[PDB]
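So this first bit is one chain, no partners, the form deposited in one PDB entry, shown in structure tokens.
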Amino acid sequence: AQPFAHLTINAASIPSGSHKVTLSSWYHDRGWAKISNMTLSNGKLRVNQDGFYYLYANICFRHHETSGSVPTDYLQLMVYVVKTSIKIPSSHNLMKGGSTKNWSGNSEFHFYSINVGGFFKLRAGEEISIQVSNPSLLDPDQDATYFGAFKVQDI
């Protein structure tokens, strides 16, 4: 029936920087990852059928001692759900979530998750994508990092 998608992070292709990036690899056909009447190119979820969809994302950040010290500096773990036209320049923010964090403590492990969800009017050709602040901090688990959409009503 209606279009939908539940994309889980491609555990094998997460960028390694500390700078904000658009995630460009998600699974769409394994585990809980699934897609229907929607297109996934490179981190871009293309709407193939006009309508009002509920869009959501769960992002998990994690750090472990063995990976090295957490430098004493500015830490803001963010997720931005972005909308772009498959043929119209700059993307725009639909949803934003996150938190400034201090992970300098002497604990072995640090963990943090963000969730965002909203009802949006989408057109075929429009694309939904995910941006995160610290990619190397991303948790690769399918139950941890993912985004999706499902149509709830026609335009």
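In case it trips you up, residue 1 is the first one in the sequence shown, and so on. Shifts are known only where both forms have a C-alpha. Basically, rigid core = biggest C-alpha set you can superpose within 1.5 Å across the two forms.
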item	value
Per the entry, higher mean C-alpha B factor between 101 to 109 and 86 to 94	86 to 94
Average Cα temperature factor in the PDB entry - higher stretch of 55 to 63, 40 to 48	40 to 48
Record-listed C-alpha B factor of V70: chain third	highest
Cα B factor band for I9 (lowest, middle or highest third within the chain)	lowest
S16 - Cα temperature factor, lowest/middle/highest third of chain	highest
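Beyond what is shown, the protein has a form deposited in another entry; the following relates to that form.
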query	finding
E65 C-alpha shift between this form and the one not shown of 2 Å or more, rigid core reference	yes
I86 C-alpha moves between this form and the one not shown by 2 Å or more, core aligned	yes
Outcome for the Cα pair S67, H63 in that other deposited form, compared with this form (closer or farther; change of 3 Å or more)	farther
In that other deposited form, whether the C-alpha atoms of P140 and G68 sit closer or farther than here (change of 3 Å or more)	farther
Segments displaced between this form and the one not shown (3 or more residues, each Cα shift of 2 Å or more, core-superposed)	65 to 74, 85 to 90
